[PDB]
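Overview (structure and organization)
This is what each chain is made of:
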Amino acid sequence: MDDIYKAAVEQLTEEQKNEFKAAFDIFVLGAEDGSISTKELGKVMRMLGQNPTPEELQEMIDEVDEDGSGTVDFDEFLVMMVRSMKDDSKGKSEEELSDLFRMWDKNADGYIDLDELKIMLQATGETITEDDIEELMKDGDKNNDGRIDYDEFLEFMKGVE
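What the deposited record gives as its method is solution NMR.

Under the PDB entry, the protein chain has the name Troponin C, slow skeletal and cardiac muscles and belongs to Homo sapiens. Quoted verbatim from the Function field of UniProt, the annotation for the protein chain is "Troponin is the central regulatory protein of striated muscle contraction. Tn consists of three components: Tn-I which is the inhibitor of actomyosin ATPase, Tn-T which contains the binding site for tropomyosin and Tn-C. The binding of calcium to Tn-C abolishes the inhibitory action of Tn on actin filaments." Regarding the protein chain, the relevant UniProt record gives this comment under Sequence similarities: "Belongs to the troponin C family."

Here you go:
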């Protein structure tokens, strides 16, 4: 707030990078709820004038807030624009199983054999014999190489293990 010209040159520095935020703020700087609405979708082309994907909104319902604000600000929409891709923040993830099968590991060598697969199986069976249980390590095999790791573990059928 000093000299029309001096103000233009004074606002021409690295700070300009962050100023990008105030730019979008022009759309809604005094909303009635003080939150970002669906307008945040068009706000992209409204300024950046780009062709965003419909997937960016798909993840919006799953989880767009990753800064701890409870909402998606103008900038947050630009960074989360890529989050729509294959990310690991949609709630229930396969990562859980990794800690489940690993939590056991009889040999603790990141591997489950006929014995390591039977133990975890018997943990929840139904009047079934062990002879048939061992069949697991025999059946489970996405590559058919007599091996069942984390991938070949959960790949089974989330039932036989």
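Our next topic: the overall build of the protein chain. Check the secondary structure of the protein chain and you find 10 helices and zero strands. Helices and strands appear in the protein chain in the N-to-C order α-α-α-α-α-α-α-α-α-α. Here the protein chain has a C-alpha radius of gyration of 26 Å; the compact-globule value for 161 residues is 15 Å, and the former is much larger. Its C-alpha atoms give the protein chain principal-axis dimensions of roughly 85 × 30 × 25 Å. The buried share of the protein chain, taken over its 161 residues, is 24%. In the protein chain, the proportion of contacts linking residues at least 24 apart, taken out of those at least 6 apart, comes to 43%. In the structure as shown, the protein chain presents an accessible area of about 12,100 Å², 49% of it carried by carbon and sulfur atoms. Computed over 17 positive and 46 negative side-chain charges, the inter-centroid distance for the protein chain is 4 Å.

There is a patch of nonpolar side chains on the surface, built from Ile-26, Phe-27 and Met-47 and spanning about 280 Å² of accessible area. Looking at the secondary structure, you find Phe-27 in the loop between α2 (16-25) and α3 (43-47).

Attention now goes to the environment of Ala-22. Topologically, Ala-22 is positioned in helix α2. With 111 residues separating them along the chain, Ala-22 and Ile-133 place their C-alpha atoms 63 Å apart.

Take the UniProt feature "binding site: Ca(2+) 2" in the protein chain next. Taken from the UniProt record, the annotation "binding site: Ca(2+) 2" applies to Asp-105, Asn-107, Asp-109, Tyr-111 and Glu-116. Mapped onto the elements of the fold, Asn-107 is located in the loop between α6 (95-104) and α7 (114-122).

What follows is about unusual backbone geometry. Unlike most non-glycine residues, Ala-108 shows phi in positive territory, near 60°. Mapped onto the elements, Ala-108 comes out in the loop between α6 and α7. For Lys-158, which is not a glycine, the phi torsion comes out positive at approximately 40°. Residue position: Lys-158 is located in the segment after α10 (150-154).

Our next topic: the pattern of salt bridges. In total, this model carries five salt bridges according to the counting rule given. Linking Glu-130 and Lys-118 is a salt bridge whose minimum nitrogen-to-oxygen distance equals 4.0 Å. On the criterion of sequence distance, the pair formed by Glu-130 in helix α8 (residues 130-133) and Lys-118 in helix α7 is long-range, its members being 12 residues apart. Residue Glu-130 is classed as partly exposed on the basis of its relative accessible area of 40%. Given a relative accessible area of 18%, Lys-118 falls into the buried group.

Parameters at a glance
Residues numbered from 1 in each chain as written, not as in the entry; some residues may be left out. Heavy atoms only, no water. UniProt positions renumbered as here; feature names shortened; annotations may be inferred. Helix = DSSP H or I, 4+ residues; strand = E, 2+ residues; numbered from the N terminus. Rg over C-alpha atoms; globule rule 2.2 N^0.38 Å. Buried < 20%, exposed > 50% of the residue type's maximum accessible area, 1.4 Å probe, protein only. Contact = heavy atoms within 4.5 Å. Areas by Shrake-Rupley, 256 points an atom, 1.4 Å probe, with all protein chains shown as cover. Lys, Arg positive; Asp, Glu negative; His and termini not counted. Charge placed at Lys NZ, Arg CZ, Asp CG, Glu CD. Patch = residues over 30% accessible without salt bridge, like charges linked within 9 Å, V, L, I, M, F, W, Y side chains within 5 Å. Salt bridge = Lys/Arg side-chain N within 4 Å of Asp/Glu carboxyl O.

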